[PDB]
Amino acid sequence: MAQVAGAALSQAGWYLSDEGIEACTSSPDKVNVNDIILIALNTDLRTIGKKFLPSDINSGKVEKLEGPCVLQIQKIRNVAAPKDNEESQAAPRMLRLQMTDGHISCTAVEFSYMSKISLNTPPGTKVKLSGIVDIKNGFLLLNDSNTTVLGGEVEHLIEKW
Amino acid sequence: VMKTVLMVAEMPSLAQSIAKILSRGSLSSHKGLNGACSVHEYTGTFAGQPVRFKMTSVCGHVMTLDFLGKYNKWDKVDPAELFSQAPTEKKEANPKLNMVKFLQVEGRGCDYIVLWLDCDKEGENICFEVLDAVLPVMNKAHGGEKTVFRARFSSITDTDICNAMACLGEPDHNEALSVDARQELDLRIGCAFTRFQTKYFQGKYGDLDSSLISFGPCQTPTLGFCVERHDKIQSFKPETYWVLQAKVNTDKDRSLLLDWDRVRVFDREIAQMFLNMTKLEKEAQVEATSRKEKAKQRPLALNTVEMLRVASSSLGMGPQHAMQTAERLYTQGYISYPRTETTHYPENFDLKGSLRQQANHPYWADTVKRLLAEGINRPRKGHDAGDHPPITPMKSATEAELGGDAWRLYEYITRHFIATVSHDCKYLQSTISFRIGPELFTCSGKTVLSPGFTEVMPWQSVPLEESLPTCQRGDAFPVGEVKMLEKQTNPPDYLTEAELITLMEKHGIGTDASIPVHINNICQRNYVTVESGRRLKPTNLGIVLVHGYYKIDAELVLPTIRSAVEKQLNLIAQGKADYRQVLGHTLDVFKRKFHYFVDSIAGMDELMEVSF
DNA sequence: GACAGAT
Ligand SMILES: [Mn+2]
Ligand SMILES: [Mn+2]
């Protein structure tokens, strides 16, 4: 009885429930943290992950998100551009990322600049928040210094736009 | 032993100018048997022999193309017959001017022809229209010889004309064949579609009685531009966006209005947080300062397209009225040829002397005298299409000598001419960047160091703004108020005449002498209505036609078929494709579209029932 | 009766 998988997760993020971790194991041989991470990348988070983000995160009364947490992008919109000309160059690009874990949702705003995240970033892509992230008016202020685009590949309904 | 050499120009003005240049001044001018074209005679040297030179001028195209009898009748032939089994013959344009008989009687006894016609595609077609009328009248050749000649020229200066006369070539039959193929395709397609539409929509709808419904390679795309703008206007949803702006109150007497670097947001809550973490602050810090020097570049030489756009926008004249005024000014001798695509001054052009004539006019006497005394600036290099030099003034005029509407056109042309020769506009662009809490702001100014062409064209100036206060990095200025503004995106407006000419020029729809006409035709057929600001608003008849074409066959409205057909016709000019083969294939391609149009005309009829 | 485009 050595759940070194859960041990490594408790140190390197990836809040996943018991059902999720047992469903992301491709073989009943032993702990393979690397391939669990790979399968989680290839799998949707909404059905496997546990609940990490505090309740009422989308409102006030919360100021900081502490700790490294992996979260799944579900929608991305350029706020600084109209719904018609989404690629307009009349304003600096600002992205409103709808982000989630298995249960609770949250919204983040591209504050400084993020080249890694683009408008064509596929939904299901996973992002790791590191350090203390500032939550202002219910928005996670995301910059290039606290955002690691881990990458992923999950079914694309975006292809049908 | 003497020989007569006949030269033919495309217009009496060019005929007279070239005769005066080539004769060194000896010419005897007498009008011919038409009352509009004169003959200038002199004596010179040609091909190592003394010759007598006769210069004459055609007036535009000698001949147009029309159907034979029983086919010009509206109700006697099916329009579908106007593609293959409809003979076409070249008849005379302006039959009042005898033209053909005039050339025949002035070519009797001639031993050489030097065609001095325009150096464009239509010029060669007019050259061969002259040749098929003069060639069977001249004397027989002996031992080969090169009786037919062609002089290539764009400028009407002494040196340019002498060089053109020293360098003589031969006419190109392939360009004439290309122009003839274009004329045939255009005539057949337009006549067939116009006849079918007019006969169909007049016997069904009583409102369209005695109304012409015309289709053409240019009218239909020109109307489609306006209809597409109307589609954008109708299918537009305003969107609400918020802009955050702040005021800084340095030196207790000014209030700089700072601009937000991220120009706009489309989320109410995002704008709210941006205001929330900014409003409760009282010190604004300075992070950057720029004093970059910039130049506003002088205009290129004036061409007919730019003249028409400025006439429609600033002066307030339609393209047809502007063209008529320019033609009257050119006839009276005040401006050059008014239909040019060239924006590059000829190398031998006399800029300084032409600018010397406009030194006594009170409006720009000081500027011209300053330019001539302190040296002029080399004009910009632009396109040098070899048809005509750009529109430039060549006579001093005053508001009394000219009218109330020709003077405005003349004033712009002469103001444009001085601007091209004048210097550039050099201005500073100061920028100060402010940090108000987490967020940034900028304040952009502009001050003029030395106006150049601006003093001749005051409307193309740099607006006067007070200089931004001096400040370096680390300077702290109290901030008065930061406030969020709610704004909505504005729907676009209807196409202006200036905008339409750009799209017509870009897509190759119409020519320099046909852009005013095509805009006027669609106005006369009640397709578009001219509104305030020279805007073209599509009518109900205009919308149903363009929309109906999209349902039936889009290949009749898109502004790409005209370039596609011209590219195919360009193969005749280069000799890669035969004349008959391209004409037969292109007509056959359009013939099946006509049959599809006729058998699928219920698409338009659905859209016609709602209105008429 | 008219048409196309272009000079
Ligand atoms: Mn011409
Ligand atoms: Mn031309």
# chains A, B, ... in the order shown; residues from 1 in each chain; ligands from 1
call {"tool": "closest_atom_pairs", "arguments": {"of": "chain B", "to": "ligand 1", "cutoff": "12 Å", "atoms": "only C-alpha atoms and all ligand atoms", "output": "tab-separated table"}}
result
residue	atom	partner	partner_atom_place_in_ligand_line	distance
B:9	CA	ligand 1	1 (Mn)	9.8
B:10	CA	ligand 1	1 (Mn)	6.6
B:11	CA	ligand 1	1 (Mn)	8.5
B:14	CA	ligand 1	1 (Mn)	10.9
B:58	CA	ligand 1	1 (Mn)	10.6
B:59	CA	ligand 1	1 (Mn)	9.4
B:60	CA	ligand 1	1 (Mn)	6.7
B:61	CA	ligand 1	1 (Mn)	8.5
B:62	CA	ligand 1	1 (Mn)	11.8
B:116	CA	ligand 1	1 (Mn)	11.0
B:117	CA	ligand 1	1 (Mn)	7.5
B:118	CA	ligand 1	1 (Mn)	5.1
B:119	CA	ligand 1	1 (Mn)	7.8
B:120	CA	ligand 1	1 (Mn)	7.0
B:121	CA	ligand 1	1 (Mn)	8.7
B:122	CA	ligand 1	1 (Mn)	6.7
B:123	CA	ligand 1	1 (Mn)	5.9
B:124	CA	ligand 1	1 (Mn)	9.7
B:125	CA	ligand 1	1 (Mn)	10.4
B:126	CA	ligand 1	1 (Mn)	8.9
B:127	CA	ligand 1	1 (Mn)	10.9
B:154	CA	ligand 1	1 (Mn)	11.3
B:337	CA	ligand 1	1 (Mn)	10.0
B:338	CA	ligand 1	1 (Mn)	11.0
B:339	CA	ligand 1	1 (Mn)	8.4
B:340	CA	ligand 1	1 (Mn)	9.2
B:341	CA	ligand 1	1 (Mn)	11.3
B:386	CA	ligand 1	1 (Mn)	11.0
B:387	CA	ligand 1	1 (Mn)	7.4
B:388	CA	ligand 1	1 (Mn)	8.6
B:511	CA	ligand 1	1 (Mn)	10.9
B:512	CA	ligand 1	1 (Mn)	10.0
B:513	CA	ligand 1	1 (Mn)	9.0
B:514	CA	ligand 1	1 (Mn)	11.9
call {"tool": "residues_around", "arguments": {"residues": "residue 33 of chain A", "least_positions_apart": "2", "cutoff": "8 Å", "atoms": "only C-alpha atoms (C1' of nucleotides)", "output": "number ranges by chain"}}
result
A: 5, 8, 31, 35-37
call {"tool": "write_last_selection", "arguments": {"atoms": "N, CA and C atoms", "output": "short mmCIF file (atom, residue, chain, number, x, y, z; two decimals), in the first residue's frame"}}
result
data_model
loop_
_atom_site.label_atom_id
_atom_site.label_comp_id
_atom_site.auth_asym_id
_atom_site.auth_seq_id
_atom_site.Cartn_x
_atom_site.Cartn_y
_atom_site.Cartn_z
N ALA A 5 1.52 7.67 -6.35
CA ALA A 5 0.85 8.52 -7.33
C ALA A 5 0.18 9.71 -6.65
N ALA A 8 2.88 12.06 -5.23
CA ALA A 8 3.49 12.95 -6.21
C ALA A 8 2.51 14.02 -6.67
N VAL A 31 2.64 2.29 -10.16
CA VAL A 31 2.48 3.73 -10.36
C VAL A 31 3.39 4.22 -11.48
N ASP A 35 2.77 8.51 -17.09
CA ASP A 35 1.71 8.13 -18.02
C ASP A 35 0.33 8.50 -17.49
N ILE A 36 0.17 8.56 -16.16
CA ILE A 36 -1.08 9.16 -15.65
C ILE A 36 -1.21 10.61 -16.11
N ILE A 37 -0.13 11.38 -16.05
CA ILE A 37 -0.19 12.77 -16.53
C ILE A 37 -0.52 12.80 -18.01
#
call {"tool": "residues_around", "arguments": {"residues": "segment 2-5 of chain C", "least_positions_apart": "4", "cutoff": "6 Å", "atoms": "only C-alpha atoms (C1' of nucleotides)", "output": "list in words"}}
result
residues 186, 187, 190 and 191 of chain B
call {"tool": "closest_residue", "arguments": {"among": "A:9, A:135, A:158, A:81", "to": "chain B", "atoms": "only C-alpha atoms"}}
result
A:81
call {"tool": "interface_residues", "arguments": {"of": "chain A", "to": "chain B", "cutoff": "12 Å", "atoms": "only C-alpha atoms", "output": "PyMOL selection string"}}
result
chain A and resi 58-60+77-86+88-96+107-113+135-141
call {"tool": "write_last_selection", "arguments": {"atoms": "N, CA, C and O atoms", "output": "compact mmCIF listing (two decimals), in the first residue's frame"}}
result
# COMPACT_ATOMS: atom_id res chain seq x y z
N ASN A 58 -16.15 32.80 -8.21
CA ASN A 58 -16.51 33.69 -9.29
C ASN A 58 -17.07 35.01 -8.80
O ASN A 58 -17.42 35.87 -9.62
N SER A 59 -17.18 35.20 -7.49
CA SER A 59 -17.64 36.43 -6.88
C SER A 59 -16.51 37.01 -6.03
O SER A 59 -15.37 36.55 -6.08
N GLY A 60 -16.84 38.03 -5.24
CA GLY A 60 -15.89 38.63 -4.34
C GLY A 60 -15.55 37.71 -3.18
O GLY A 60 -15.64 36.49 -3.25
N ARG A 77 -12.13 34.03 -25.65
CA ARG A 77 -12.67 35.13 -26.45
C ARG A 77 -11.76 36.34 -26.33
O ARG A 77 -11.26 36.64 -25.24
N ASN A 78 -11.55 37.02 -27.45
CA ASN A 78 -10.80 38.27 -27.47
C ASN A 78 -11.74 39.40 -27.06
O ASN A 78 -12.57 39.85 -27.85
N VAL A 79 -11.61 39.85 -25.81
CA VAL A 79 -12.50 40.88 -25.29
C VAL A 79 -12.29 42.19 -26.03
O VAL A 79 -13.24 42.93 -26.30
N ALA A 80 -11.05 42.49 -26.40
CA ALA A 80 -10.72 43.76 -27.04
C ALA A 80 -11.08 43.80 -28.52
O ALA A 80 -10.62 44.70 -29.23
N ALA A 81 -11.88 42.86 -29.00
CA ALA A 81 -12.30 42.82 -30.40
C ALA A 81 -13.77 42.46 -30.47
O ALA A 81 -14.28 41.75 -29.59
N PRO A 82 -14.48 42.94 -31.49
CA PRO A 82 -15.91 42.63 -31.60
C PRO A 82 -16.13 41.16 -31.96
O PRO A 82 -15.22 40.45 -32.38
N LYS A 83 -17.37 40.72 -31.77
CA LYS A 83 -17.74 39.36 -32.15
C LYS A 83 -17.65 39.13 -33.65
O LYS A 83 -17.59 37.98 -34.08
N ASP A 84 -17.64 40.20 -34.45
CA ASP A 84 -17.59 40.08 -35.90
C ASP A 84 -16.15 39.98 -36.41
O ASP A 84 -15.77 38.99 -37.04
N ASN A 85 -15.35 41.01 -36.13
CA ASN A 85 -13.95 41.04 -36.55
C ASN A 85 -13.09 40.63 -35.36
O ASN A 85 -12.44 41.45 -34.70
N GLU A 86 -13.08 39.33 -35.08
CA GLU A 86 -12.38 38.81 -33.91
C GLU A 86 -10.86 38.95 -34.03
O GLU A 86 -10.17 38.83 -33.01
N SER A 88 -9.31 41.76 -35.23
CA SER A 88 -9.02 43.16 -35.47
C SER A 88 -7.74 43.58 -34.74
O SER A 88 -7.47 43.15 -33.62
N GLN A 89 -6.95 44.43 -35.40
CA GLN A 89 -5.71 44.95 -34.85
C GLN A 89 -5.86 46.39 -34.37
O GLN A 89 -4.85 47.10 -34.24
N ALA A 90 -7.08 46.83 -34.09
CA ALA A 90 -7.32 48.18 -33.60
C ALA A 90 -7.16 48.30 -32.09
O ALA A 90 -7.30 49.40 -31.55
N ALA A 91 -6.86 47.20 -31.40
CA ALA A 91 -6.69 47.21 -29.96
C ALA A 91 -5.79 46.05 -29.57
O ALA A 91 -5.81 45.01 -30.24
N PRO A 92 -4.98 46.20 -28.52
CA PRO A 92 -4.14 45.08 -28.07
C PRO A 92 -4.99 43.90 -27.66
O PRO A 92 -6.07 44.05 -27.09
N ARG A 93 -4.50 42.70 -27.97
CA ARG A 93 -5.26 41.49 -27.72
C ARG A 93 -5.39 41.24 -26.22
O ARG A 93 -4.40 41.21 -25.49
N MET A 94 -6.63 41.05 -25.76
CA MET A 94 -6.92 40.64 -24.40
C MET A 94 -7.86 39.45 -24.43
O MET A 94 -8.90 39.50 -25.09
N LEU A 95 -7.49 38.39 -23.72
CA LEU A 95 -8.20 37.12 -23.78
C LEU A 95 -8.95 36.88 -22.48
O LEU A 95 -8.38 37.03 -21.39
N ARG A 96 -10.22 36.49 -22.60
CA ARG A 96 -11.05 36.10 -21.46
C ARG A 96 -11.17 34.58 -21.51
O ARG A 96 -11.94 34.03 -22.30
N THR A 107 -13.08 32.39 -14.24
CA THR A 107 -12.76 33.21 -15.40
C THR A 107 -11.44 33.92 -15.17
O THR A 107 -11.20 34.46 -14.08
N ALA A 108 -10.59 33.93 -16.19
CA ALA A 108 -9.29 34.58 -16.11
C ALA A 108 -9.17 35.58 -17.25
O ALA A 108 -9.78 35.42 -18.31
N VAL A 109 -8.38 36.62 -17.01
CA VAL A 109 -8.15 37.68 -17.99
C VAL A 109 -6.66 37.79 -18.24
O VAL A 109 -5.86 37.80 -17.29
N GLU A 110 -6.29 37.83 -19.52
CA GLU A 110 -4.89 38.02 -19.92
C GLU A 110 -4.49 39.43 -19.56
O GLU A 110 -4.94 40.40 -20.18
N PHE A 111 -3.65 39.57 -18.53
CA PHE A 111 -3.32 40.89 -18.01
C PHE A 111 -2.15 41.52 -18.77
O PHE A 111 -2.32 42.55 -19.42
N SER A 112 -0.97 40.91 -18.69
CA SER A 112 0.19 41.54 -19.33
C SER A 112 0.27 41.18 -20.80
O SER A 112 -0.02 42.01 -21.67
N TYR A 113 0.64 39.93 -21.10
CA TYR A 113 0.64 39.40 -22.45
C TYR A 113 1.02 37.92 -22.40
O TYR A 113 1.94 37.55 -21.67
N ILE A 135 -6.87 37.49 -7.72
CA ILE A 135 -8.26 37.44 -8.15
C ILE A 135 -8.89 38.78 -7.82
O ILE A 135 -9.09 39.12 -6.65
N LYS A 136 -9.21 39.55 -8.86
CA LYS A 136 -9.81 40.87 -8.72
C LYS A 136 -11.19 40.85 -9.35
O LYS A 136 -11.33 40.51 -10.53
N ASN A 137 -12.20 41.20 -8.56
CA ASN A 137 -13.59 41.21 -9.01
C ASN A 137 -14.02 39.87 -9.59
O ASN A 137 -14.82 39.81 -10.52
N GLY A 138 -13.49 38.78 -9.03
CA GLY A 138 -13.81 37.46 -9.52
C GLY A 138 -13.05 37.02 -10.75
O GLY A 138 -13.40 36.00 -11.34
N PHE A 139 -12.02 37.76 -11.16
CA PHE A 139 -11.24 37.44 -12.35
C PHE A 139 -9.82 37.09 -11.95
O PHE A 139 -9.20 37.80 -11.16
N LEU A 140 -9.31 35.99 -12.50
CA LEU A 140 -7.93 35.59 -12.28
C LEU A 140 -7.02 36.36 -13.23
O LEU A 140 -7.13 36.21 -14.46
N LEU A 141 -6.12 37.17 -12.69
CA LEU A 141 -5.25 37.99 -13.51
C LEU A 141 -4.06 37.14 -13.95
O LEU A 141 -3.16 36.87 -13.15
call {"tool": "select_by_dssp", "arguments": {"residues": "segment 118-159 of chain A", "states": "strand (DSSP E)", "output": "PyMOL selection string"}}
result
chain A and resi 126-129+132-136+139-142+148-149
call {"tool": "select_by_dssp", "arguments": {"residues": "segment 7-155 of chain A", "states": "alpha helix (DSSP H)", "output": "list in words"}}
result
residues 7, 8, 9, 10, 11, 12, 18, 19, 20, 21, 22, 23, 33, 34, 35, 36, 37, 38, 39, 40, 41, 42, 45, 46, 47 and 48 of chain A
call {"tool": "atom_distance", "arguments": {"atom1": "atom CA of residue 428 of chain B", "atom2": "atom CA of residue 455 of chain B"}}
result
17.5 Å
call {"tool": "residues_around", "arguments": {"residues": "residue 20 of chain A", "least_positions_apart": "6", "cutoff": "10 Å", "atoms": "only C-alpha atoms (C1' of nucleotides)", "output": "PyMOL selection string"}}
result
chain A and resi 36+40+45-50+102
call {"tool": "write_last_selection", "arguments": {"atoms": "C-alpha atoms", "output": "compact mmCIF listing (two decimals), in the first residue's frame"}}
result
# COMPACT_ATOMS: atom_id res chain seq x y z
CA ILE A 36 -1.08 9.16 -15.65
CA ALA A 40 -5.00 13.13 -18.07
CA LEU A 45 -10.84 17.08 -16.88
CA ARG A 46 -14.56 17.58 -16.19
CA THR A 47 -15.19 13.85 -15.70
CA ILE A 48 -11.99 12.75 -13.94
CA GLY A 49 -10.69 15.62 -11.79
CA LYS A 50 -11.58 16.30 -8.18
CA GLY A 102 -14.08 18.94 -12.51
